[PDB]
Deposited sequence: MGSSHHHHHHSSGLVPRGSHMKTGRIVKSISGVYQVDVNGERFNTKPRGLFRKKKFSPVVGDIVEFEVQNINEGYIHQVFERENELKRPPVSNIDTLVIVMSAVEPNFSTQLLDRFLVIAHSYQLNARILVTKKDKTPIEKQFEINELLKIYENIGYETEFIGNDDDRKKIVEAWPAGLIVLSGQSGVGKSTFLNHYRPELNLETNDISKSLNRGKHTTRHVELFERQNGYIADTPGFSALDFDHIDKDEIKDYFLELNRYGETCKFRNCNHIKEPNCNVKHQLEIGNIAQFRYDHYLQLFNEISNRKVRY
């Protein structure tokens, strides 16, 4: 009996990594049904057969998961944004953060293409990134003069998934891990996923009421709003509006919250 992570799902066979060693397995029990089907990222217990094969007996309860692509137990969602081509957008970033937190994921922020960003713009982006650091995120701003493999290995242990639009620079990182459905590649201290989590933006699962939970500073300062479910829009005695007023929440963050709050409700 062995325990490990699914790094590949190929026509119903599940490659499980156990500290480097690969085993090709098939589900048994409940796990043969679509409704309980294993997914890449799952931690499983399997019985070994035929030296490098096995039967999955148990799939451990998922800590989190994405549906498209289907991938589970992500330890850090790295949101990849370009500084230029296309221009850095707090509007897009904030949205990608809302999605990440709606899936219960640890997020961090990676801005790319520093080498081709005008230096005055670099300075403006660094200030913006400091706001995100204030909220609690780790941020990096990198370009072609940086060692992308040192960057990745210094990230937290476990499963990293990159998320961002085509063109931001994800493959440039991933090509460092390629043996050369989502597939996970090995890194020292974990894995990194071959597909992004959410190149695009899907809010369908999100209720207007949850949006404040996913703006972390609003959630935190919302603690001392008079109303326990204050949405920080028209309510009296609102600590988010107070903190906004005395400069402890950025106006753009509040503006984006409002926009999303109003947008989210609407019909598609």
* Asked: What residue ranges of the deposited sequence are absent from the coordinates?
  -> 1 to 20, 201 to 220, 309 to 311
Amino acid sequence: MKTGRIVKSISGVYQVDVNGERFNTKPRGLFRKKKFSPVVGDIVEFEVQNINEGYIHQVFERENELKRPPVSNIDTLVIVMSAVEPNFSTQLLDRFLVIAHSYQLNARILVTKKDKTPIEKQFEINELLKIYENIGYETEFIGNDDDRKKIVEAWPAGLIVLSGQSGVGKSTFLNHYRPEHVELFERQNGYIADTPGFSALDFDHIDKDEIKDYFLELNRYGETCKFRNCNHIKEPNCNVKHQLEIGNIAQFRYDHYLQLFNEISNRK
From here on, numbers count along this sequence of modelled residues.
* **Comparing 199 to 207 with 220 to 228, the one whose average Cα B-factor in the PDB entry is higher** => 199 to 207
* Pick between 166 to 174 and 107 to 115: the one whose mean CA B-factor in the entry is higher. => 166 to 174
* Asked: According to the deposited entry, which of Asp213, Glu45, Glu63, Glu235 has the largest Cα B-factor?
  -> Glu45
* **Residue of maximum C-alpha B factor among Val152, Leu93, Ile131, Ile74, per deposited coordinates** => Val152
* Chain third (lowest, middle, highest) by recorded CA B-factor, residue given as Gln188 -> highest
* Structure fact -> Split the chain's modelled residues into thirds by Cα B-factor; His181 lands in the highest
* To do: Determine, from the deposited record, the chain-internal third of the Cα B-factor for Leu244: lowest, middle or highest.
  => middle
* Asked: By the record's CA B-factor, is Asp194 among the lowest, middle or highest third of residues in the chain?
  -> highest
* Should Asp145 be placed in the lowest, middle or highest third of its chain by the C-alpha B factor in the entry? -> highest
